[PDB]
Amino acid sequence: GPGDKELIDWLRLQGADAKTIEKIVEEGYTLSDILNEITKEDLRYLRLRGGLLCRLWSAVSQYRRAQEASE
């Protein structure tokens, strides 16, 4: 979909494999959704493997902390 290039590139930077990337894209997640809206429970429901889930959530959490910290 339009704007998935930004999402796909960021997912690959967190070490996501092609099948995982397909799953996330098929749900119509945007990068905005991942950075701002998703919960860890969304990632578990997607059946993400632990390594990627750990990495991805650590990236999302640091982004959110920085935004909130910067106020």
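Below, each value reflects all heavy atoms present in this structure, side chains not excepted, and no hydrogens, waters or symmetry copies. Sequence positions, counted from 1, serve as the residue numbers for this chain.
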Using atom types as modelled and distance alone, determine if a side-chain donor or acceptor of [X] lies under 3.5 Å from a backbone N or O of [Y].
| X | Y | answer |
| --- | --- | --- |
| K40 | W57 | no |
| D42 | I38 | no |
| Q14 | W10 | yes |
| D4 | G1 | yes |

Are the side chains of [Y] and [X] in contact, using a 4.5 Å heavy-atom criterion?
| X | Y | result |
| --- | --- | --- |
| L11 | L56 | yes |
| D9 | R12 | yes |
| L46 | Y29 | yes |
| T30 | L7 | no |

Problem - Heavy-atom neighbours of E41 CD exceed 12 at 6.0 Å - result: yes
Completion exercise
dist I34:CD1 -> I24:CD1 (nearest 0.5 Å) comes out at 5.5 Å
Practice task
Apply side chain to side chain contact (heavy atoms under 4.5 Å, CB included) to the pair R49 and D17, showing each step before the final yes or no.
Solution key: CA-CA 10 Å; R49 297 181 195 97; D17 61 287; 3.3 Å; yes
Completion exercise
Contacts of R44 meeting salt bridge (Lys or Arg N to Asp or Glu O under 4.0 Å) (sequence neighbours excluded), chain-then-number -> none
Problem - Verdict with supporting geometry, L48 and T20, side chain to side chain contact (heavy atoms under 4.5 Å, CB included) - result: CA-CA 7 Å; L48 305 200; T20 299; 3.6 Å; yes
Problem - Residue pair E37 / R64: nearest heavy atoms and the distance that separates them - result: N-NH2, 3.3 Å
Exercise for the section: Give a yes or no on whether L13 and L43 share a hydrophobic cluster (residues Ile, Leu, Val, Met, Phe, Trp, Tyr; joining criterion: side-chain heavy atoms under 4.5 Å apart). Expected result: no
